[PDB]
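Structure first, commentary second.
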Amino acid sequence: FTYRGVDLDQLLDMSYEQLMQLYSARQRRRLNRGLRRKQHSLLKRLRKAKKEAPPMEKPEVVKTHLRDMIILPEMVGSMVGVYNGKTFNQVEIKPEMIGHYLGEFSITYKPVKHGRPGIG
Amino acid sequence: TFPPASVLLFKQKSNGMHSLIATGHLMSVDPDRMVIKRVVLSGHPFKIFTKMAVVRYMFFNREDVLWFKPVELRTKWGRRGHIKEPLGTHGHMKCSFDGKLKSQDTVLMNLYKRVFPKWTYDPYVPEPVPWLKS
Amino acid sequence: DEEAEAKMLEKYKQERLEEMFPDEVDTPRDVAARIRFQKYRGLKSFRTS
Amino acid sequence: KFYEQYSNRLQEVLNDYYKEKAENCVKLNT
Amino acid sequence: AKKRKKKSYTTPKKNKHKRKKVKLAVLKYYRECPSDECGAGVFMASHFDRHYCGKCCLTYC
RNA sequence: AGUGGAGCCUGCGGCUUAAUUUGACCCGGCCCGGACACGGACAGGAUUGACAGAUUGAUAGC
Ligand SMILES: [Zn+2]
Numbered sequence: 015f016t017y018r019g020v021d022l023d024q025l026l027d028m029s030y031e032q033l034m035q036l037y038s039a040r041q042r043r044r045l046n047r048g049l050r051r052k053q054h055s056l057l058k059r060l061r062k063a064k065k066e067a068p069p070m071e072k073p074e075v076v077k078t079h080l081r082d083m084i085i086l087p088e089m090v091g092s093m094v095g096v097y098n099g100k101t102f103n104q105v106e107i108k109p110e111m112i113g114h115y116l117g118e119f120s121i122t123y124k125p126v127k128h129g130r131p132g133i134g
Numbered sequence: 659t660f661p662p663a664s665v666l667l668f669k670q671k672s673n674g675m676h677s678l679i680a681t682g683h684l685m686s687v688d689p690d691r692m693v694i695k696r697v698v699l700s701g702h703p704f705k706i707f708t709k710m711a712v713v714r715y716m717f718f719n720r721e722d723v724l725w726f727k728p729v730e731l732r733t734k735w736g737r738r739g740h741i742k743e744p745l746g747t748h749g750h751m752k753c754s755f756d757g758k759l760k761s762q763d764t765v766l767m768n769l770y771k772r773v774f775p776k777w778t779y780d781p782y783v784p785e786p787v788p789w790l791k792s
Numbered sequence: 464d465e466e467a468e469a470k471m472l473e474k475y476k477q478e479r480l481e482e483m484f485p486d487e488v489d490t491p492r493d494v495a496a497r498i499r500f501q502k503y504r505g506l507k508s509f510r511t512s
Numbered sequence: 265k266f267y268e269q270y291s292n293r294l295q296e297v298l299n300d301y302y303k304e305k306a307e308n309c310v311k312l313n314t
Numbered sequence: 077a078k079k080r081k082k083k084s085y086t087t088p089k090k091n092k093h094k095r096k097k098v099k100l101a102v103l104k105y106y119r120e121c122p123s124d125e126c127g128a129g130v131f132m133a134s135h136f137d138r139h140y141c142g143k144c145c146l147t148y149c
């Protein structure tokens, strides 16, 4: 696995001011604006859940309402459930979801399967 | 029994007193006479627009409304309408009516099933005590 | 002894309730109405349906 | 009684307010 | 007019939280607050590390 | 000059939906909701207010 030609271990060692040379434009604008209190709260919650877990076992899920959250490369391996307005969806953070928001992993609408039309 | 025949209905009161509760006569014998028990379910129309309302407290699931969709709803003040859609996950429903409903009003529908008598016939009947007022 | 009188006053209350409101049943919140009223149906007209 | 009727601490609260107002987004912690 | 049935539907609201009652807490007083107004009368409550005020909320170490 | 044909956009029906608000809606969660009478508790505190830390989706001294 590699992301812009960078291996994940270097990404784990990749400094915060120099990840602003590596993401897309929207992600870099967000991290230059900085994360608010709730996103760091989720970060600390995920770090606690990953740290306080058996090594052979997947970590315990963390439920959240945060969909504005951008996936940092620290989170790979954490097991996160995210609300879509009605139901939590349980998702594993993969290596290939560094450049993605959480909210696009829980779809907030159901696909349209058209029924027979009424009187129009 | 072939009519004409008198009919008396008594109740076992207490300590052997048969209290006469009812009287009449025997009409024609048939098990073809349908007896229909009615249940009337009532709900409160709490969002009233013109000729359409949103009603609650009458069902409590989403598919409860879908099961009893084909039944016509009526109204305590004489209106007549029907269910369109359930909106909430709970039993909230959209109902279209003939005229505009009052906020004071009540929606209700009737459900029907044929009820049959219980086989509980026994020819033995206790001898009464002599009767007296209570 | 008093349980018979309790059912007596209950029957009094049920009789007074089924003349103010002739056949009204509060739908149960715990049992689904399609199951508790499973054998029931709606007639368009009690005369002609 | 009815008809006859008619600093350092503020600076500490100020700096606590400024700390919390900077703490809604810190942008630095890793 | 036409009257409504008034459904019952009992829902138990009895289990509501009440804060714990400390009985005769005047035993443990006998730090004094050197404040502008609440001096010489008010006792100055103890944590595990630091004592906090119950009237003016001053900050110490 | 066009529109009606075409791609896109918007409106109204219709269709899906938990909701697709309407000529504000949906999914969860904390809080409390009268007087008066009766029965308890209260000065051997009724109850308010409260800095820090832990909570659940929320910096909930509710
Ligand atoms: Zn204080």
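Sequences listed follow chains A, B, C, D and E, in order.
According to the entry's author numbering, the first sequence is numbered sequentially starting from 15.
According to the entry's author numbering, the second sequence is numbered sequentially starting from 659.
According to the entry's author numbering, the third sequence is numbered sequentially starting from 464.
Letter by letter, the fourth sequence follows residues 265 to 270, 291 to 314 of the entry's author numbering.
Letter by letter, the fifth sequence follows residues 77 to 106, 119 to 149 of the entry's author numbering.
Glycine is no exception: its CB is placed at the ideal position from the N, C-alpha and C atoms.
Could you tell me if residue i is buried or exposed, where buried requires 16 or more neighbouring beta carbons within 10 angstroms of its beta carbon?
i: residue 763/B; result: buried
i: residue 139/E; result: exposed
i: residue 693/B; result: exposed
i: residue 486/C; result: exposed
i: residue 295/D; result: exposed
i: residue 490/C; result: buried
i: residue 120/A; result: buried
i: residue 494/C; result: exposed
i: residue 510/C; result: exposed
i: residue 69/A; result: exposed
i: residue 149/E; result: exposed
i: residue 722/B; result: buried
Taking CB distances under 7 Å as the criterion, tell me whether residue i reaches chain D.
i: residue 87/E; result: no
i: residue 91/A; result: no
Determine, using beta carbons only, whether residue i and residue j come nearer to each other than 7 Å.
i: residue 739/B; j: residue 745/B; result: no
i: residue 76/A; j: residue 86/A; result: no
i: residue 787/B; j: residue 674/B; result: yes
i: residue 752/B; j: residue 783/B; result: no
i: residue 92/A; j: residue 72/A; result: no
i: residue 504/C; j: residue 770/B; result: yes
i: residue 717/B; j: residue 496/C; result: yes
i: residue 81/A; j: residue 36/A; result: no
i: residue 81/E; j: residue 484/C; result: yes
i: residue 114/A; j: residue 97/A; result: no
i: residue 309/D; j: residue 19/A; result: no
i: residue 26/A; j: residue 15/A; result: no
Any heavy atom of ligand 1 closer than 6 Å to the Cβ of residue i?
i: residue 126/E; result: no
i: residue 129/E; result: no
i: residue 121/E; result: no
i: residue 145/E; result: yes
i: residue 142/E; result: yes
Counting only beta-carbon atoms, is residue i nearer than 7 Å to chain B?
i: residue 467/C; result: no
i: residue 138/E; result: no
i: residue 490/C; result: yes
i: residue 504/C; result: yes
i: residue 479/C; result: no
i: residue 497/C; result: yes
i: residue 92/E; result: no
i: residue 104/E; result: no
Answer yes or no: does any C-beta atom of chain A fall closer than 7 Å to that of residue i?
i: residue 308/D; result: yes
i: residue 303/D; result: no
Return no unless some Cβ of chain E is closer than 7 Å to the Cβ of residue i.
i: residue 482/C; result: no
i: residue 705/B; result: no
i: residue 487/C; result: yes
i: residue 776/B; result: no
i: residue 708/B; result: no
With 7 Å set as the bound, which would you pick, yes or no: does the beta-carbon of residue i sit closer than that to a beta-carbon of chain C?
i: residue 81/E; result: yes
i: residue 830/B; result: Because chain B in this structure spans residues 659 to 792, residue 830/B falls outside the shown range and cannot be described.
i: residue 700/B; result: yes
i: residue 771/B; result: yes
Can you tell me the Cβ-Cβ gap for residue i and residue j, rounded? I've got them flagged as a contact below 8 Å.
i: residue 750/B; j: residue 714/B; result: 5 Å
i: residue 90/A; j: residue 108/A; result: 7 Å
i: residue 691/B; j: residue 768/B; result: Rounded, the Cβ-Cβ distance is 20 Å, inconsistent with contact.
i: residue 798/B; j: residue 754/B; result: Because chain B is modelled from 659 through 792, residue 798/B falls outside the range shown and cannot be assessed.
i: residue 733/B; j: residue 699/B; result: Contact flag wrong, Cβ pair sits at about 13 Å.
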